[PDB]
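For reference, the structure discussed in these notes is given below.
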Amino acid sequence: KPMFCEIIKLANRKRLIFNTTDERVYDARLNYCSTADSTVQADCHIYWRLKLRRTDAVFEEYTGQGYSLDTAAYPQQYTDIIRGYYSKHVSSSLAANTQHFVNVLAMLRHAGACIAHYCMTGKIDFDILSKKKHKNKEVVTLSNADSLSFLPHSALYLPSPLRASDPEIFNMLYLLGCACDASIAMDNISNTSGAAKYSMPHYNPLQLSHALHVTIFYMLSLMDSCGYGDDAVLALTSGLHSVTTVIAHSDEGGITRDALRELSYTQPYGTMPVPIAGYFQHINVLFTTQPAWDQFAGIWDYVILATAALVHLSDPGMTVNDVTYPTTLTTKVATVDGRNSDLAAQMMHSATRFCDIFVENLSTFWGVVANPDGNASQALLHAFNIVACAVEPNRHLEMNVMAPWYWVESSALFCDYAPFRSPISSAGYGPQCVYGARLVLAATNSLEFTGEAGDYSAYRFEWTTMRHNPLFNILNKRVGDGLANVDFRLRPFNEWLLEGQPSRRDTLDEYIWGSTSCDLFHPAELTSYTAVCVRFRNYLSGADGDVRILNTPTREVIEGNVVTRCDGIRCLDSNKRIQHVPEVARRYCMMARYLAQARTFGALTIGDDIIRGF
Amino acid sequence: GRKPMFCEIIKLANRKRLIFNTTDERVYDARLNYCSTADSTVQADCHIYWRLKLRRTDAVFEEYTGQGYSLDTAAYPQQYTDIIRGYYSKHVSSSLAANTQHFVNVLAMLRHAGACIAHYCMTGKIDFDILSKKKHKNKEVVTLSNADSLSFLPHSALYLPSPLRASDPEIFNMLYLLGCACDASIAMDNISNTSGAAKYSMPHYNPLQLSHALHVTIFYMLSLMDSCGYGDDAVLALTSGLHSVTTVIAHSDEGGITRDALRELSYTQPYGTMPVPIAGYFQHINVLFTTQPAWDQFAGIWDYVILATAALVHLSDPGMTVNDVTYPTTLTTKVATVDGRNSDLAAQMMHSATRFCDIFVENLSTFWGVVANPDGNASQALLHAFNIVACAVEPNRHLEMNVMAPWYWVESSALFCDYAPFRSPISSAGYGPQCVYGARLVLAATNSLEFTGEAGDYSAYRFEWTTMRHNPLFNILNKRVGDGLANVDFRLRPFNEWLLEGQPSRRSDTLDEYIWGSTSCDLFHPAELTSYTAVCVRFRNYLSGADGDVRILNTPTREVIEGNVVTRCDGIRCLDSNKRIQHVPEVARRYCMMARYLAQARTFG
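Taken in order, these protein sequences are the chains called A and B. Numbers 15 to 519, 541 to 649, taken from UniProt numbering, label the letters of the first sequence in order. Numbers 13 to 520, 541 to 637, taken from UniProt numbering, label the letters of the second sequence in order.
What follows is the structure, given as structure tokens:
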């Protein structure tokens, strides 16, 4: 539960977002310094754009057709206490020795939605918490109902002891169940200007939001007591991302954003017992009543971003030649109306594993214990299926080659990444810098020196991925020349996958993409399954009146490790340089042909024969 | 009876519009999620629609003839006959025979009351005018005192004692209204609250508690008749009224024969004595709604019961055993249908409707909590209603057939929290419901098959083949338009013969060519595209173009065809009718080779 830490908690935001044309950015500046020479360093600013999905994104119709959880049985103590709440009424004494099931996923997702809406626009009322349908919600009352009536397994029954112990969670549960319209039933409503109209005291936005927080955690505890925690947890994050567009860094990634938005749930039910001491309530993030909007927005914006970044660390490893690359998709069939049905099929065949890994990391991110049946993975895989087969012009799929499992850069966003089960971090493609620590990592791939001609030194890189070696972003964010002195020795055989700028087609800064957000190299951008020879241009032209030297690093730095470190996280407004989208090559390339030929015929078809001419 | 099946499954879906005419219709949408236990990639979402329409704008105000079924042998049991003593004067009540008879016939009242219920569920209007068929205005009522003068009437009369009016005034008022609707002499103890007036005046109600009282009287009368043992017959009358005012438009051109049966099922004038109800007869309905519920929750519960009644017919019908393997009932006739009437098909339908009505009223009474009558009295009534449907000289849409599959009214595959109560052979055969509402059902992926081998670009399997519904994997593919159900084809068939083929236009070779339009229900008809002999199917797993590349396709792999399917239910919404829902499948219903195979089939009886 404390698995989320206080990183964006401390950044101080002040802007309230009113439209979708505006956004806030969480700038995190990073110092890249090689352990060998402390003067080859650079300042690279990751950004994290957060904007409003729509002006009225929280008011989207519930519909009610979604993943329907069942068999979420309460543990023992809750069965006893719910038996107690039932036996009070003769109309409930019937269901006395029956096992009671809860399913608040719908209210949980709407809670996440409106809490993100609050973190962005700052305003909440009962309309925003009840889809502005609270005005005429008729509550069936357990006392006024006939004796022929009987409390169904599918009625949201809010016991009176719940309002006795804490009326804030009571009113919040009522408002959310009104939003995710459900048969809410109380022990008795106080007939007052309405037979079933439930009037509640007007809250100042701050107490309202605090009640919303504490009731979100109440429901999380409730679902977690059933083992179905990631069952009522994932839904919360889906709600979160249903309102705040977390602009992705790469056009390929961020398909999981639409996957989450496509996810819905069936109408809530079950009874709401008073919280039993603290199973999950013992961890209380904020305690001051009506806490200021700034710190609240801090906690929940960091939760938004940590979830959104957990994908990059929850990515399955695509094995090529016993080497692990970040799972990247590839198809030959042309795009028709902005979709590749085969790209969607491969996205599903990867999500088959990506989703259980992602839910494992999410469970360990909220501390909710995992369960064997993995229902959450089923729900998310179904959401992916829905976003795949949708017959609509869908960006994020205009491409023939795409990297799906990377939505927002997950580096410098966690006090540590120790608990996360992510196989892409055992390979080199995980975080670049842990927050609050100095991280030493390899600055280039397995490298070998291969000659030094006039004002050039060539190195064979045993190249794997641009990100895998970070020295190049030091050279790019160097105050001097940004990689204009480093270039390739391209041959027939070294083919580029997701290469930087197709519109140009030898200096390397052309083969990068110039992501003006998240300076850090996107995993699987300059991939290649072969080695690559790369020249560093040390000197200017010889035989002239001058032979000038440059800051181009020496063979120690190129071969020696680099350390990385994060320097706080400012909150900034909408600049212009950050919106610039990179023009990455996303067309069926000869490198895609190896992947197709390995899938169709066999993996033994791309071994050592990719390299042509030693 | 104890507990009737009333899951607030349809109650949860919130209805927006009220229906005032027959041009529009309310569509209940239910999504079903299908996925293989082999791999969760091959999934699909099937949208079962149930379309409800108002039969006619004034489908309740229909001329009451008072003719037809007349139950004249429902007398109270002991407890009720003793409670009846106490409506006479003490002097008479003390010295009355202990074995007296009090014959009850409330059936016409329950039919009109069901009609009023469903009319309220469609239009949302209910009042004394509706409930009395414009008769409560000037209904003169005999005012005998102390039900000693009850034998003083020159005929049997519907008597409403004063203890009933004192116990539950709304039940008494509603019974007055109903007995006024269908011609029925009423007898009350005090004619008018103001002594001197010959007409009993109404404590005018609000429509909300008006409909609440209608509900409570339906249950009262059901309990009353059930105390006699003729409960199944009472509930049959109730559902007759229900489907007599609303039309649940079917999932097949044929289906709705049972609709026409329930239409023509009428009852004679009611009579009897209405005691104060026994306190704990119906323990509880599974749902609970408050006194004066909004039209919303009422429409919810009663639309659920309309659709559940409609579902029971498919849920229960005798599966015909061909070569001792059971199929959904399908009736074939060589004679050509004339001017919209197929006589031989009518006679066949009757012969099978015998067993159908037996099992159907058994299951209906199971669904209402009332024990089925030990003798099949009600079933015989429904069978006679069928008979009047069959030999009607008028044209009929549902019998324009030459090969029909009778008993399939609406899909019963998502409206029941449990099916174990019902006894149905079709469920045991597997053509029953596929996904219990609120339970992940693991059913067999297809028919029992064997892998006969694979060729270059295809892979064959020998289905021991019964019916498309018994092959639940193919609607997963059916939903997937991107190379899903166009890779399955029958160009490996020796003779391409199917009863109920589907798309007969393009005959006069992929599986998508031999399927129904099926736009209103993505799940498969129980007698969809059946064959009694094993058939072999080949899948187009790859695609090797003429140039040389070999594109792999999304056709399910072998362990998908041989590993089970899991099905769960999703939300049930409601919405408005669009053009795409109304699309009616053109289906092949003509005497074929398989037809004359079935005419000579085993059919062990």
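Cβ coordinates follow ideal geometry from the N, Cα and C atoms, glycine included.
For residue i, collect the residues of the same chain with a Cβ closer than 7 Å to its Cβ; drop the 5 residues on either side in sequence, then sort them by chain order.
i          : result
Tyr-232(B) : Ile-183, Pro-289
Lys-23(B)  : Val-299, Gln-309, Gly-312, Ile-313, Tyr-316
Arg-474(A) : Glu-462, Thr-464, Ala-566, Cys-568
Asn-26(A)  : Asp-308, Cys-606
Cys-194(A) : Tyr-76, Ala-120, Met-121, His-124, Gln-281, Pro-282
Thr-458(A) : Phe-475, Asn-483, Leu-485, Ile-593, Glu-594
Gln-614(B) : none
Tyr-88(A)  : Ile-96, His-114, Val-116, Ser-239, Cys-240
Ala-426(A) : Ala-42, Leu-44, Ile-60, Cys-447, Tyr-449, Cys-601
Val-228(B) : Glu-182, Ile-183
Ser-460(B) : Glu-476
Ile-584(A) : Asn-573, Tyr-574
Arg-409(A) : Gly-352
Below 6 Å CB to CB, which residues in the same chain sit around residue i once its five sequence neighbours on both sides are set aside?
i              : result
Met-416(B)     : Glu-266, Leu-343
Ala-273(A)     : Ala-397, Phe-398, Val-401
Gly-98(B)      : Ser-105
residue 520(A) : Examination of chain A shows a numbering gap from 519 to 541; residue 520(A) is inside it and therefore has no coordinates.
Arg-63(A)      : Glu-37, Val-39, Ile-261
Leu-176(A)     : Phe-184, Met-286, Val-288
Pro-437(B)     : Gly-331
Across which residues does DSSP place residue i in a beta bridge pair?
i          : result
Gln-55(A)  : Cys-47(A)
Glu-152(A) : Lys-211(A)
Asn-117(B) : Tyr-283(B)
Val-39(B)  : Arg-63(B), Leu-607(B)
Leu-343(B) : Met-416(B)
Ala-432(A) : Bridge partners of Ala-432(A): none, in fact.
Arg-353(B) : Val-350(B)
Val-247(B) : Answer by DSSP bridge pairing: none, since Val-247(B) is not bridged.
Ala-199(B) : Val-154(B), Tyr-171(B)
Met-332(A) : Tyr-339(A)
Spatial neighbours of residue i within its chain, please: C-beta separation below 8 Å, excluding the five flanking residues on both sides.
i          : result
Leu-165(B) : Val-154, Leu-156, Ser-197, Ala-199
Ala-359(B) : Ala-402
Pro-433(B) : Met-17, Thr-378, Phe-379
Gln-79(B)  : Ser-278, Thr-280
If contacts are defined as beta-carbon pairs under 8 Å, then residue i and residue j qualify, I think. What distance do you get, rounded to the angstrom?
i          : j          : result
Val-592(A) : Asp-51(A)  : 5 Å
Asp-245(A) : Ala-384(A) : That belief does not hold up - the Cβ atoms of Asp-245(A) and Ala-384(A) are roughly 10 Å apart, past 8 Å.
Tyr-431(B) : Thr-479(B) : Between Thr-479(B) and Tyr-431(B) the Cβ distance is about 19 Å, and since that is not below 8 Å, they are no contact.
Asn-117(B) : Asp-84(B)  : 7 Å
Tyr-449(A) : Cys-369(A) : With a Cβ gap of about 27 Å, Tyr-449(A) and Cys-369(A) do not count as contacting.
**Prompt:** What beta strand (DSSP E) runs, 3 residues minimum, are completely inside the region 434-513 of chain A?
**Reply:** 453-455, 462-467, 470-474, 500-503
**Message:** Pairs of beta-carbons, one from the region 272-281 of chain A and one from the region 101-113 of chain A, closer than 8 Å: are there three or more?
**Reply:** With fewer than three CB-CB distances shorter than 8 Å, the region 272-281 of chain A does not count as touching the region 101-113 of chain A.
**Residue ranges of each alpha helix (DSSP H) within the region 249-326 of chain B, 4 or longer** = Fully enclosed alpha helix (DSSP H) runs of 4 or longer: 269-275.
**Item:** the region 615-624 of chain B contacting the region 509-519 of chain B, beta-carbon criterion three pairs below 8 Å
**Value:** yes
**Message:** Within 8 Å, do at least three Cβ pairs link the region 416-436 of chain A to the region 323-337 of chain A?
**Reply:** yes
**Message:** Across the region 542-549 of chain A and the region 87-100 of chain A, are there enough close Cβ pairs to call them in contact, namely three or more that are closer than 8 Å?
**Reply:** no
**Asked** Which whole runs of the beta strand (DSSP E) in the region 558-623 of chain B are 3 residues long or more, in chain order?
**Response** 567-571, 574-576, 582-584, 597-608
**Item:** Contiguous alpha helix (DSSP H) assignments of at least 4 residues, all confined to the region 378-421 of chain B
**Value:** 389-402
**Message:** Any contact between the region 551-558 of chain A and the region 47-61 of chain A? By contact I mean 3 or more CB pairs, one from each, below 8 Å.
**Reply:** Yes: the two stretches touch, three or more of their Cβ pairs being nearer than 8 Å.
**Request:** Please specify which runs of the beta strand (DSSP E), each continuous and at least 3 residues long, are wholly inside the region 66-123 of chain A, giving them in chain order.
**Result:** none
**Prompt:** Hey, is the region 122-133 of chain B in contact with the region 236-255 of chain B, meaning 3+ C-beta pairs nearer than 8 Å?
**Reply:** Yes: at least three Cβ pairs fall under 8 Å.
**Request:** Return the chain-ordered ranges of every beta strand (DSSP E) run that is complete within the region 127-180 of chain A and spans a minimum of 3 residues.
**Result:** 170-172
**Message:** Under 8 Å: do the region 209-220 of chain A and the region 349-357 of chain A share three or more Cβ pairs, one atom per stretch?
**Reply:** no
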